């Protein structure tokens, strides 16, 4: 098991811009503050999105397009280093009433989004290709 230790100090609440990508805005914020490791959470609504699941056998993602407004029922994830820059790994649950979709988040157009960011001060984990899963998991 890989263990990454950190200290917490700052906290951020963000109001994302309407009509822009959710993931892209967070990453822009991260770059601006120089945050390389963090825990992410959010709620709100999106105008559309692109999610997907990971085929654990073929070792590839399978995405789904959703071109309908949905509530961000749940949004959670983390920040780490990939290709020399802060990289967001986020999972979500979008929908309304009994209509629920979930998976790895690729993109989402924001309607109204409030994001909580908890930066983690310490060695930022780096994502490297992992043979076993076919994903880019933390190494050191």
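Positions refer to the first chain, counted from 1.
For the two regions 80 to 88 and 102 to 110, the entry's Cα B-factors average higher over 80 to 88. Just going by the entry, 125 to 133 versus 8 to 16 on mean CA temperature factor gives the higher value to 125 to 133.
Among all modelled residues in this chain, the alpha-carbon of residue 67 has a temperature factor (C-alpha) in the highest third. When all modelled residues of the chain are sorted by CA temperature factor, residue 59 is found within the highest third.
In the PDB entry, residue 36 places in the middle third of its chain by CA B-factor.
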